[PDB]
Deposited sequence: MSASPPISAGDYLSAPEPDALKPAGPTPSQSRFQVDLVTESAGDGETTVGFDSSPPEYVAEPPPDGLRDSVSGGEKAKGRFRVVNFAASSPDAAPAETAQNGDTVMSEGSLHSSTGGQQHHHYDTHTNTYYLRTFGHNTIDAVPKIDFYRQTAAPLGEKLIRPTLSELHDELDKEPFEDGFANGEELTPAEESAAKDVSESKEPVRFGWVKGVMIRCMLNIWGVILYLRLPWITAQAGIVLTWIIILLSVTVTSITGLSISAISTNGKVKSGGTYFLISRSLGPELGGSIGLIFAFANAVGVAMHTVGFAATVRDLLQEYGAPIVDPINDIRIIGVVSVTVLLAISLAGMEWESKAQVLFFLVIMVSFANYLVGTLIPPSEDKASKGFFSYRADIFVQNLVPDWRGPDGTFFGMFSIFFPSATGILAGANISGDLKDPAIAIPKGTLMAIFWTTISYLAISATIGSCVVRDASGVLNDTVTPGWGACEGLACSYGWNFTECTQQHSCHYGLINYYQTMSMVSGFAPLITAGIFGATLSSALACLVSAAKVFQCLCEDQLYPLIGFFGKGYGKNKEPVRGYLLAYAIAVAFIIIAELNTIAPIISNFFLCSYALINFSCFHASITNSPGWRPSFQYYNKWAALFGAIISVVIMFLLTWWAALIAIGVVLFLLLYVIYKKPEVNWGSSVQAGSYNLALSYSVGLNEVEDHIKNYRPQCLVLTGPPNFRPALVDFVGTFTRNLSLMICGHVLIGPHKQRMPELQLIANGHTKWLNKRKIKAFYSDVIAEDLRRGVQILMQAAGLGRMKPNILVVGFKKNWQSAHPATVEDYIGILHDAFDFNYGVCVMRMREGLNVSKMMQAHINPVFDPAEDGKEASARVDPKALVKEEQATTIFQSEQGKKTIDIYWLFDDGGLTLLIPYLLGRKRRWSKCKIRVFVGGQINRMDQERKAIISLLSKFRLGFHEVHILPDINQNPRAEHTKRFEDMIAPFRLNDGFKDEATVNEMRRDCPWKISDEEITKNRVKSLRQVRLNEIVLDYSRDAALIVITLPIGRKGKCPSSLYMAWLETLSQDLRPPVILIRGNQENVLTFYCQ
């Protein structure tokens, strides 16, 4: 009580050979041999079999790299190039299959109609004959297909046996001495001179050109994917697909090469068909090899006006054989087997395509009925399409379009083997080793050259329909993640250039601002991701750091899920940033890890962007110590610092994503800069790079500072320049008392004692301030509140204010004093405020 699975002979080889053998073998191959001669016909066959051999090797390498399921061709292409190029070629493969059902039932019906005219009486109408017969035949084929998959595989064997019987009949017939009405039509039994004179071309008519023969034959050698299309019923598709496909191609090619060279050595190109053309002694003259055998076709050859022979009579292969009705049976089998093999493939590819939710509302047809889960709804859709194209019944101009839907699949079956083999993902491990990627690119190019040679305006329609669906799938972005080779091309494309960076040494004319941004969870502080992603996009590096403060010291898998959530959040905003997190016991010791290790060779951060600690006056005085220690560590590691503040705050935690200030047009406002120390040029570069952006390009960069000589020489292009007024002068008293009573809870009331005893008493906590430093660094303390007054005077209603970050000497001043300066310097201002100081490096050399 298990579903049946097929071997390789009965499952791949028989079906591929039945699909390849059509009606060209019977009704137009002798004609091609007569027109083009044996040698050039052999060239045509061996030239049309090169393309299908190359595609067989490609589809055979692709299908032995894992386990294959239902879906056949579509499954193999989509899982190897992804849904964009896989779901656009799996919707026209099925449609082309359905129309192929239509165009082979039409041929079967035409043969039946031609049989019925002569023997008895034709029915209803010449053209309304090919409608009735085709519709009834497709209904019968639908029934036999819909009855199960062990009954169709019993019909295909019957058709194969019928074809073999026709071949044996023809070979037996071509070996008996010719009867009198048999030789009057051209057929002499076997010789040498007919062979010799049939070796060279004899073109006639408007259709008799070499390319006019290649155009007729080539679409009759494709059809090799009829066994790979039932890959869900084979019991070992990793051994059944290569052997079956390649053996089928070999055997059908031998069949063609034998039929042509055997028909061309028996029947002469010109014969009359009248039993009275026997040669009369002593009269006139011969016109050819015929008169040596006693027959006289001179009037034909002189007038070019008779019906029989290897050119003029299309059904010569019926006349030659011992019993023509068996050749008729062969034609019936050859035409019905292809229709059945197309009807099955359309449904089994469409069901797989509908399982994967790639297109809006065709998912109704991806349902299985029964134990084997046959697509009882795909069969009926293909039947409806085939009956619709059979009612038309004149498909002589539809065929060029359909035959180019099958050459877009040959061009993507071959590119999928080239692309996946030049990449070498570990895991790209096929067990069919007899292929080459350059011979697979060759086939991809030729399948597109031929598609235009055959007819240039149907290739245009085919490629237009391919791109329409390709673009739809790109713009909808479904989520599948099948691990294609396009996804593995990105990694080694990135690695090849990251390793390439090493070759170029460190210079001074390639400075870039590469930022390490201390965000925490990017959700919490978006106003600090936007500011940095404004001026580093498409120019330099930015990393969004994060320290997980806990004592766990183990990297649980759940942390990688969280790091995938934050990366996706960054990707929604279209920020070009990297996320990285570490684990430490406090915040100061995680940023040390990030500064020391992060980056890749030459692409490593050299600027530290950190928010401002708003609540430093109501937190434990040991956290401000860590906060100032971070800045001191950044200075020791030879970084540049940028402390950023806002009036309302940075942490937003204390659906849609949040919107901040740095996302909107800020036209007609000024960007104020207060240059107080030659840091090298970082205080000037950040607003210079910020103002070039469109959102900030309508702003007036104002610089408040020999200086004009130093400014214009770097061609920065700033609007104004000024001299700040008298920073030395004493500020008014109320602000000064505010400064002194702000720093009061760090007072010590120590009077004056020797440094030894002072340190003996400070040993517990270093953040407390003694009166010695207070009275020793009171001047520059006043200077900060004075300059805050100045800034609050000029920059009251600006759009972005940049000042210079002071440095407090280690050991000579505590951290509380430095944080008090940093506070009072930028308080009670409305716009965003930044405080930059570089690392004494020439950065304006660009």
Query raised in the report: Which ranges of the deposited chain go unmodelled, in order along the sequence?
Result: 1-201, 856-885, 937-948, 1090-1092
